[PDB]
>>> print(open('upload.txt').read())   # compact mmCIF, C-alpha atoms
# COMPACT_ATOMS: atom_id res chain seq x y z
CA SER A 1 0.00 0.00 0.00
CA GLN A 2 2.82 2.40 0.81
CA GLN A 3 4.41 1.74 -2.56
CA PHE A 4 1.16 2.47 -4.41
CA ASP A 5 -0.12 5.11 -2.01
CA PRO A 6 0.04 8.25 -4.22
CA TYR A 7 -2.10 6.72 -6.94
CA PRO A 8 -5.85 6.90 -6.23
CA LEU A 9 -7.14 4.07 -8.43
CA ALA A 10 -4.40 1.71 -7.34
CA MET A 11 -5.00 2.59 -3.70
CA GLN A 12 -8.71 1.89 -3.88
CA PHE A 13 -8.07 -1.40 -5.68
CA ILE A 14 -5.56 -2.63 -3.11
CA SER A 15 -7.78 -1.46 -0.27
CA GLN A 16 -10.54 -3.61 -1.71
CA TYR A 17 -8.58 -6.83 -0.99
CA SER A 18 -7.77 -8.41 2.37
CA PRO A 19 -4.08 -9.01 3.17
CA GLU A 20 -4.59 -12.77 3.44
CA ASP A 21 -6.19 -12.84 0.01
CA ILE A 22 -3.21 -11.88 -2.15
CA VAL A 23 -0.32 -14.22 -2.84
CA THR A 24 3.15 -13.90 -4.30
CA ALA A 25 4.23 -16.70 -6.63
CA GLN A 26 8.00 -17.12 -6.46
CA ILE A 27 8.34 -18.86 -9.80
CA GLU A 28 11.88 -20.09 -10.31
CA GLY A 29 13.77 -18.87 -13.31
CA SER A 30 16.67 -21.22 -13.82
CA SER A 31 15.24 -24.38 -12.30
CA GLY A 32 13.81 -25.69 -15.57
CA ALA A 33 13.94 -29.01 -17.40
CA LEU A 34 15.80 -30.05 -20.52
CA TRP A 35 14.58 -28.47 -23.72
CA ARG A 36 13.32 -31.36 -25.84
CA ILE A 37 12.94 -30.60 -29.50
CA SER A 38 13.53 -32.75 -32.50
CA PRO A 39 16.64 -31.71 -34.41
CA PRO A 40 14.66 -31.02 -37.59
CA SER A 41 12.27 -28.78 -35.72
CA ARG A 42 15.09 -26.91 -34.02
CA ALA A 43 16.88 -26.41 -37.33
CA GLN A 44 13.65 -25.12 -38.82
CA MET A 45 13.27 -22.80 -35.83
CA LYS A 46 16.69 -21.31 -36.40
CA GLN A 47 16.24 -21.00 -40.15
CA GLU A 48 12.79 -19.40 -39.89
CA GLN B 1 19.19 -17.14 -22.17
CA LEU B 2 20.09 -20.60 -23.43
CA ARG B 3 22.42 -22.95 -21.58
CA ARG B 4 24.41 -25.75 -23.18
CA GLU B 5 26.01 -28.83 -21.68
CA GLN B 6 28.32 -31.09 -23.66
CA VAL B 7 27.57 -34.81 -23.74
CA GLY B 8 29.81 -37.38 -25.35
CA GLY B 9 29.01 -36.72 -33.81
CA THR B 10 26.39 -34.30 -35.11
CA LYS B 11 27.18 -30.72 -34.14
CA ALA B 12 23.94 -29.10 -33.01
CA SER B 13 22.32 -32.24 -31.60
CA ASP B 14 25.52 -33.19 -29.82
CA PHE B 15 24.59 -31.76 -26.47
CA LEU B 16 21.97 -30.80 -23.95
CA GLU B 17 20.12 -27.51 -24.06
CA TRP B 18 17.85 -25.78 -21.61
CA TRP B 19 16.47 -22.30 -21.15
CA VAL B 20 16.94 -19.89 -18.27
CA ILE B 21 14.92 -16.71 -17.94
CA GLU B 22 15.35 -13.99 -15.36
CA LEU B 23 13.92 -10.58 -14.64
CA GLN B 24 15.30 -7.64 -16.59
CA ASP B 25 16.38 -5.61 -13.55
CA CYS B 26 17.56 -8.13 -10.96
CA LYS B 27 20.03 -7.57 -8.14
CA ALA B 28 20.18 -10.57 -5.80
CA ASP B 29 17.12 -12.76 -6.43
CA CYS B 30 18.11 -13.08 -10.07
CA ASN B 31 17.12 -16.75 -9.94
CA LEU B 32 13.55 -15.94 -9.03
CA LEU B 33 10.60 -14.11 -10.55
CA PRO B 34 7.87 -12.82 -8.22
CA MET B 35 4.30 -12.55 -9.42
CA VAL B 36 1.69 -10.95 -7.17
CA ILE B 37 -1.86 -12.15 -7.76
CA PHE B 38 -5.12 -10.95 -6.19
CA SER B 39 -7.75 -13.67 -5.85
CA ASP B 40 -11.37 -12.70 -5.27
CA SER C 1 -21.03 -29.13 -49.58
CA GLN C 2 -20.18 -29.67 -53.23
CA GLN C 3 -17.93 -32.58 -52.33
CA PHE C 4 -20.68 -34.25 -50.28
CA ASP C 5 -23.59 -33.08 -52.40
CA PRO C 6 -24.80 -36.42 -53.88
CA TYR C 7 -25.24 -38.02 -50.48
CA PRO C 8 -28.53 -37.11 -48.76
CA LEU C 9 -27.65 -37.79 -45.12
CA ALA C 10 -24.30 -36.06 -45.41
CA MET C 11 -25.90 -33.09 -47.14
CA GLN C 12 -28.53 -32.62 -44.46
CA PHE C 13 -25.88 -32.91 -41.73
CA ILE C 14 -23.60 -30.31 -43.29
CA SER C 15 -26.55 -28.04 -43.99
CA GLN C 16 -27.38 -28.17 -40.30
CA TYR C 17 -24.13 -26.34 -39.38
CA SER C 18 -23.18 -22.72 -40.03
CA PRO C 19 -19.97 -22.08 -42.01
CA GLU C 20 -18.36 -20.21 -39.12
CA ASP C 21 -19.05 -23.13 -36.80
CA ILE C 22 -16.77 -25.76 -38.33
CA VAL C 23 -12.99 -25.66 -38.01
CA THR C 24 -10.08 -27.43 -39.63
CA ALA C 25 -7.26 -28.45 -37.31
CA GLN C 26 -3.97 -28.47 -39.22
CA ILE C 27 -2.17 -30.78 -36.83
CA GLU C 28 1.50 -31.05 -37.76
CA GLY C 29 2.88 -34.44 -38.52
CA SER C 30 6.64 -34.18 -38.27
CA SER C 31 6.94 -31.34 -35.78
CA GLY C 32 7.06 -33.61 -32.72
CA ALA C 33 9.30 -33.87 -29.68
CA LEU C 34 11.93 -36.42 -28.75
CA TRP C 35 10.62 -39.85 -27.93
CA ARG C 36 11.55 -40.43 -24.30
CA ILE C 37 11.45 -44.02 -23.18
CA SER C 38 13.64 -45.87 -20.77
CA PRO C 39 15.93 -48.32 -22.54
CA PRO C 40 14.49 -51.29 -20.64
CA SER C 41 10.98 -50.33 -21.65
CA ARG C 42 11.97 -49.85 -25.27
CA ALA C 43 13.72 -53.21 -25.34
CA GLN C 44 10.64 -54.80 -23.84
CA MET C 45 8.54 -53.04 -26.49
CA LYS C 46 10.61 -54.51 -29.28
CA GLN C 47 10.72 -57.98 -27.76
CA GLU C 48 6.98 -58.10 -27.06
CA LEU C 49 6.30 -56.73 -30.51
CA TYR C 50 8.32 -59.57 -32.06
CA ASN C 51 7.61 -62.62 -29.89
CA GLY C 52 4.26 -61.60 -28.49
CA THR C 53 1.30 -63.92 -28.15
CA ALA C 54 -1.47 -61.60 -26.99
CA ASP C 55 -2.71 -58.99 -29.43
CA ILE C 56 -1.31 -55.53 -28.76
CA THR C 57 -3.51 -52.47 -28.82
CA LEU C 58 -2.77 -49.19 -30.55
CA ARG C 59 -4.93 -46.20 -29.80
CA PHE C 60 -5.29 -42.79 -31.40
CA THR C 61 -6.89 -40.27 -29.07
CA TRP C 62 -8.21 -36.80 -29.83
CA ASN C 63 -9.07 -34.19 -27.22
CA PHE C 64 -10.59 -30.75 -27.87
CA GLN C 65 -10.44 -27.97 -25.32
CA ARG C 66 -13.06 -25.28 -25.79
CA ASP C 67 -13.30 -21.88 -24.16
CA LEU C 68 -15.27 -21.97 -20.94
CA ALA C 69 -16.11 -18.26 -20.94
CA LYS C 70 -18.77 -18.76 -23.63
CA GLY C 71 -21.05 -20.69 -21.35
CA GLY C 72 -21.43 -24.42 -21.42
CA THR C 73 -20.43 -26.80 -18.65
CA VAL C 74 -18.07 -29.45 -20.01
CA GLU C 75 -14.75 -27.95 -21.03
CA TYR C 76 -12.94 -30.92 -22.61
CA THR C 77 -14.35 -33.26 -25.27
CA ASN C 78 -12.25 -36.33 -25.96
CA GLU C 79 -12.52 -39.70 -27.63
CA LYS C 80 -10.24 -42.51 -28.75
CA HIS C 81 -10.11 -44.87 -31.70
CA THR C 82 -8.64 -48.24 -30.75
CA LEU C 83 -7.05 -50.56 -33.28
CA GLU C 84 -5.98 -54.08 -32.43
CA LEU C 85 -2.88 -55.85 -33.68
CA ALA C 86 -3.12 -59.62 -33.82
CA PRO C 87 0.13 -61.52 -33.18
CA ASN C 88 2.43 -62.06 -36.15
CA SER C 89 0.20 -59.99 -38.39
CA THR C 90 1.92 -57.95 -41.06
CA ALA C 91 1.65 -54.64 -39.20
CA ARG C 92 3.06 -55.88 -35.90
CA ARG C 93 5.98 -57.57 -37.61
CA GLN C 94 6.51 -54.42 -39.63
CA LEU C 95 6.74 -52.30 -36.49
CA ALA C 96 9.14 -54.72 -34.88
CA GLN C 97 11.26 -54.28 -37.98
CA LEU C 98 10.82 -50.51 -37.77
CA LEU C 99 12.36 -50.26 -34.32
CA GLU C 100 15.47 -52.07 -35.58
CA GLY C 101 17.08 -48.86 -36.79
CA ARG C 102 16.46 -49.04 -40.52
CA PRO C 103 17.18 -45.74 -42.26
CA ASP C 104 14.14 -45.47 -44.52
CA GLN C 105 11.69 -48.15 -43.43
CA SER C 106 8.07 -47.09 -43.01
CA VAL C 107 4.83 -48.63 -41.84
CA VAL C 108 1.24 -47.99 -42.89
CA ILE C 109 -1.64 -48.52 -40.47
CA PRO C 110 -4.92 -48.65 -42.43
CA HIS C 111 -8.04 -46.86 -41.27
CA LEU C 112 -6.85 -45.01 -38.20
CA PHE C 113 -7.41 -41.27 -38.64
CA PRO C 114 -11.10 -40.23 -38.65
CA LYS C 115 -11.13 -37.06 -40.69
CA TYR C 116 -14.56 -35.65 -39.75
CA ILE C 117 -15.29 -35.33 -36.04
CA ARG C 118 -18.15 -33.79 -34.10
CA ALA C 119 -17.74 -31.93 -30.81
CA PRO C 120 -21.03 -31.73 -28.97
CA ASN C 121 -21.76 -30.03 -25.67
CA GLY C 122 -20.99 -33.34 -23.99
CA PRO C 123 -17.74 -35.16 -23.43
CA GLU C 124 -18.07 -37.43 -26.47
CA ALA C 125 -16.30 -36.22 -29.61
CA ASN C 126 -17.55 -39.11 -31.68
CA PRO C 127 -16.49 -39.25 -35.33
CA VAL C 128 -19.32 -38.24 -37.60
CA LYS C 129 -21.30 -41.41 -38.21
CA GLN C 130 -22.85 -40.01 -41.37
CA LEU C 131 -20.00 -38.54 -43.39
CA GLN C 132 -18.19 -41.87 -42.85
CA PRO C 133 -20.95 -44.47 -43.24
CA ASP C 134 -18.62 -47.46 -43.31
CA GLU C 135 -17.17 -46.28 -39.98
CA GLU C 136 -14.16 -48.51 -40.45
CA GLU C 137 -13.24 -48.27 -44.12
CA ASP C 138 -13.81 -44.53 -44.32
CA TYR C 139 -11.09 -43.85 -41.78
CA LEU C 140 -7.91 -42.60 -43.40
CA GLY C 141 -4.72 -44.59 -43.24
CA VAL C 142 -1.63 -43.28 -41.47
CA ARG C 143 2.02 -43.77 -42.41
CA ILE C 144 4.15 -44.02 -39.29
CA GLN C 145 7.91 -43.66 -39.34
CA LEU C 146 10.76 -43.42 -36.85
CA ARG C 147 13.63 -40.97 -37.22
CA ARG C 148 17.08 -41.42 -35.69
CA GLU C 149 19.81 -38.92 -34.98
CA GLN C 150 23.29 -39.96 -33.88
CA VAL C 151 24.73 -38.40 -30.73
CA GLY C 152 28.25 -38.97 -29.51
CA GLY C 153 28.70 -46.80 -26.18
CA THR C 154 25.46 -48.75 -25.93
CA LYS C 155 23.96 -49.47 -29.34
CA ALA C 156 20.23 -48.83 -29.12
CA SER C 157 20.39 -46.09 -26.49
CA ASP C 158 23.22 -44.37 -28.33
CA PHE C 159 21.09 -41.87 -30.16
CA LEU C 160 17.99 -39.76 -30.36
CA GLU C 161 14.69 -41.07 -31.64
CA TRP C 162 11.46 -39.39 -32.57
CA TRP C 163 8.34 -40.32 -34.48
CA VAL C 164 6.90 -38.78 -37.62
CA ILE C 165 3.45 -39.64 -38.90
CA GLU C 166 1.86 -38.49 -42.13
CA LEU C 167 -1.30 -39.15 -44.06
CA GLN C 168 -1.45 -42.28 -46.19
CA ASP C 169 -2.21 -40.49 -49.47
CA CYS C 170 -0.32 -37.20 -49.35
CA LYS C 171 0.91 -35.13 -52.28
CA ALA C 172 2.27 -31.77 -51.12
CA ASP C 173 1.08 -31.13 -47.56
CA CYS C 174 2.70 -34.36 -46.44
CA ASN C 175 3.88 -32.61 -43.28
CA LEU C 176 0.36 -31.80 -42.20
CA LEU C 177 -2.79 -33.67 -41.25
CA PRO C 178 -6.14 -31.86 -41.55
CA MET C 179 -9.00 -32.73 -39.24
CA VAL C 180 -12.40 -31.13 -39.80
CA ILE C 181 -14.54 -30.83 -36.68
CA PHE C 182 -18.13 -29.62 -36.32
CA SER C 183 -18.85 -27.92 -33.00
CA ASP C 184 -22.45 -27.47 -31.86
>>> encode(input="upload.txt", output="structure tokens")
Amino acid sequence: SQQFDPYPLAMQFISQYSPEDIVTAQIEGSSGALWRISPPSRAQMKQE
Amino acid sequence: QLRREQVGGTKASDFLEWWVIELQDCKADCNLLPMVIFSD
Amino acid sequence: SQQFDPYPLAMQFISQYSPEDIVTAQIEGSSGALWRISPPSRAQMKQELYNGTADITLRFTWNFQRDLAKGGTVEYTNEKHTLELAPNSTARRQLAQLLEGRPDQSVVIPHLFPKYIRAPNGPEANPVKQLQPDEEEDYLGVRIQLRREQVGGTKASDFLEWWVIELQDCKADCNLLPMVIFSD
């Protein structure tokens, strides 16, 4: 709320929601799986 | 970004690939992307 | 409509639907992903495909996801076409040969790809009974093939495999399979 306090529309929107009703999703960036693509489709990707 | 890892021969298929994405302006949690969502 | 104009049942069925209510799904044939199977399970596949006694099944399943914001309750409509393979028949032996690593071997499974499908408001995307009266001989055939790519040692696990399927009678769009579906 402090971060978005100057703005009126943002402030009313955030005020509308309870604190235990908003969640932060800490999606990992690097923790992915192997990229699986057939070599022909990857070559076509690069060429296109 | 794309990460490679040699295994082992064909050139491009010769080794493992995966993808790493990170936020544009990251200081210390570069390996993490927050996403705030409001659920009614 | 012109293509199916002589037939009465087909003509009434097509007339029933609006032109902006039927869609063609240009599912790609060759643009697949790597076939991932554990080496023991692939070896067991090949061995059971050669020296098997019980018939082995082979199923082709379609599944349509429709937008749920337009009303309607069921959100997925799916159905499968199951084809049996009797032991030592030509197709099963052909597949067992296919897994051997031949460079340009191919197999043809007759009557597997139902071209015209219907997607009702229920979870049964049955193939149109009418446009394909035979219901088993009107299904298109599918040419299956396996592609290898050397990497690099164990022989069979030494290199990448994926599968490419294409329509039985293809002239220029061989890398594409159309699938016309009527949605109520």
>>> interface_residues(input="upload.txt", of="chain C", to="chain B", cutoff="10 Å", atoms="only C-alpha atoms", output="list in words")
residues 149, 150, 151, 152, 153, 159 and 160 of chain C
>>> atom_distance(input="upload.txt", atom1="CA of residue 164 in chain C", atom2="CA of residue 37 in chain A")
13.0 Å
>>> interface_residues(input="upload.txt", of="chain A", to="chain C", cutoff="10 Å", atoms="all atoms listed in the file", output="VMD selection string")
chain A and resid 35 to 42 44
>>> residues_around(input="upload.txt", residues="residue 22 in chain C", least_positions_apart="2", cutoff="6 Å", atoms="all atoms listed in the file", output="MDAnalysis selection string")
chainID C and resid 20 181:182
>>> interface_residues(input="upload.txt", of="chain B", to="chain A", cutoff="7 Å", atoms="all atoms listed in the file", output="ChimeraX atom specification")
/B:13,17-22,31-39
>>> atom_distance(input="upload.txt", atom1="CA of residue 3 in chain C", atom2="CA of residue 180 in chain C")
13.8 Å
>>> residues_around(input="upload.txt", residues="range 72-89 of chain C", least_positions_apart="2", cutoff="10 Å", atoms="only C-alpha atoms", output="VMD selection string")
chain C and resid 48 to 70 91 to 94 109 to 114 117 to 127
>>> atom_distance(input="upload.txt", atom1="CA of residue 38 in chain C", atom2="CA of residue 158 in chain C")
12.3 Å
>>> closest_residue(input="upload.txt", among="C:145, C:183, C:19, C:138", to="residue 104 in chain C", atoms="all atoms listed in the file")
C:145
>>> closest_residue(input="upload.txt", among="C:156, C:2, C:132, C:15", to="residue 41 in chain C", atoms="all atoms listed in the file")
C:156
>>> residues_near_point(input="upload.txt", point="(14.8, -53.3, -27.9)", cutoff="12 Å", atoms="only C-alpha atoms", output="PDB file with C-alpha atoms, in the frame of the given file")
ATOM      1  CA  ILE C  37      11.450 -44.020 -23.180  1.00  0.00           C
ATOM      2  CA  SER C  38      13.640 -45.870 -20.770  1.00  0.00           C
ATOM      3  CA  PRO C  39      15.930 -48.320 -22.540  1.00  0.00           C
ATOM      4  CA  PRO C  40      14.490 -51.290 -20.640  1.00  0.00           C
ATOM      5  CA  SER C  41      10.980 -50.330 -21.650  1.00  0.00           C
ATOM      6  CA  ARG C  42      11.970 -49.850 -25.270  1.00  0.00           C
ATOM      7  CA  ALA C  43      13.720 -53.210 -25.340  1.00  0.00           C
ATOM      8  CA  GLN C  44      10.640 -54.800 -23.840  1.00  0.00           C
ATOM      9  CA  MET C  45       8.540 -53.040 -26.490  1.00  0.00           C
ATOM     10  CA  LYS C  46      10.610 -54.510 -29.280  1.00  0.00           C
ATOM     11  CA  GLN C  47      10.720 -57.980 -27.760  1.00  0.00           C
ATOM     12  CA  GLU C  48       6.980 -58.100 -27.060  1.00  0.00           C
ATOM     13  CA  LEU C  49       6.300 -56.730 -30.510  1.00  0.00           C
ATOM     14  CA  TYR C  50       8.320 -59.570 -32.060  1.00  0.00           C
ATOM     15  CA  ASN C  51       7.610 -62.620 -29.890  1.00  0.00           C
ATOM     16  CA  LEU C  95       6.740 -52.300 -36.490  1.00  0.00           C
ATOM     17  CA  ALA C  96       9.140 -54.720 -34.880  1.00  0.00           C
ATOM     18  CA  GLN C  97      11.260 -54.280 -37.980  1.00  0.00           C
ATOM     19  CA  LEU C  98      10.820 -50.510 -37.770  1.00  0.00           C
ATOM     20  CA  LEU C  99      12.360 -50.260 -34.320  1.00  0.00           C
ATOM     21  CA  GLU C 100      15.470 -52.070 -35.580  1.00  0.00           C
ATOM     22  CA  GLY C 101      17.080 -48.860 -36.790  1.00  0.00           C
ATOM     23  CA  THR C 154      25.460 -48.750 -25.930  1.00  0.00           C
ATOM     24  CA  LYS C 155      23.960 -49.470 -29.340  1.00  0.00           C
ATOM     25  CA  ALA C 156      20.230 -48.830 -29.120  1.00  0.00           C
ATOM     26  CA  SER C 157      20.390 -46.090 -26.490  1.00  0.00           C
TER      27      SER C 157
END
>>> axis_aligned_box(input="upload.txt", around="range 116-128 of chain C", padding_each_side="6 Å", output="lines of an AutoDock Vina configuration file")
center_x = -18.2
center_y = -34.6
center_z = -31.6
size_x = 19.2
size_y = 21.2
size_z = 28.3
>>> residues_around(input="upload.txt", residues="residue 178 in chain C", least_positions_apart="2", cutoff="7 Å", atoms="all atoms listed in the file", output="list in words")
residues 24, 25, 26, 27, 176 and 180 of chain C
>>> build_atoms(input="upload.txt", residues="range 11-23 of chain A", atoms="N, CA, C and O atoms", output="compact mmCIF listing (two decimals), in the frame of the given file")
# COMPACT_ATOMS: atom_id res chain seq x y z
N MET A 11 -4.74 2.67 -5.13
CA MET A 11 -5.00 2.59 -3.70
C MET A 11 -6.38 2.03 -3.41
O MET A 11 -6.53 1.19 -2.51
N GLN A 12 -7.40 2.47 -4.14
CA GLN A 12 -8.71 1.89 -3.88
C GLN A 12 -8.74 0.41 -4.21
O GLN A 12 -9.29 -0.40 -3.45
N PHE A 13 -8.08 0.01 -5.31
CA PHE A 13 -8.07 -1.40 -5.68
C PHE A 13 -7.42 -2.25 -4.60
O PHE A 13 -7.98 -3.25 -4.16
N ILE A 14 -6.24 -1.84 -4.13
CA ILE A 14 -5.56 -2.63 -3.11
C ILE A 14 -6.36 -2.64 -1.83
O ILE A 14 -6.44 -3.65 -1.14
N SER A 15 -6.97 -1.50 -1.48
CA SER A 15 -7.78 -1.46 -0.27
C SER A 15 -8.92 -2.45 -0.35
O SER A 15 -9.36 -2.98 0.67
N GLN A 16 -9.44 -2.68 -1.55
CA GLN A 16 -10.54 -3.61 -1.71
C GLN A 16 -10.21 -5.02 -1.21
O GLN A 16 -11.10 -5.71 -0.70
N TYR A 17 -8.96 -5.46 -1.34
CA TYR A 17 -8.58 -6.83 -0.99
C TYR A 17 -7.99 -6.96 0.41
O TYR A 17 -7.22 -6.11 0.86
N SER A 18 -8.34 -8.05 1.08
CA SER A 18 -7.77 -8.41 2.37
C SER A 18 -6.31 -8.82 2.23
O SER A 18 -5.90 -9.34 1.20
N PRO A 19 -5.49 -8.59 3.26
CA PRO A 19 -4.08 -9.01 3.17
C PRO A 19 -3.88 -10.50 3.02
O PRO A 19 -2.89 -10.91 2.40
N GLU A 20 -4.75 -11.33 3.56
CA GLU A 20 -4.59 -12.77 3.44
C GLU A 20 -5.26 -13.32 2.21
O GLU A 20 -5.55 -14.52 2.14
N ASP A 21 -5.49 -12.48 1.22
CA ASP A 21 -6.19 -12.84 0.01
C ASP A 21 -5.34 -12.63 -1.22
O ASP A 21 -5.81 -12.87 -2.34
N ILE A 22 -4.12 -12.16 -1.06
CA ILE A 22 -3.21 -11.88 -2.15
C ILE A 22 -1.97 -12.72 -1.94
O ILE A 22 -1.48 -12.82 -0.81
N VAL A 23 -1.45 -13.32 -3.00
CA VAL A 23 -0.32 -14.22 -2.84
C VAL A 23 0.76 -13.90 -3.85
O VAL A 23 0.49 -13.47 -4.97
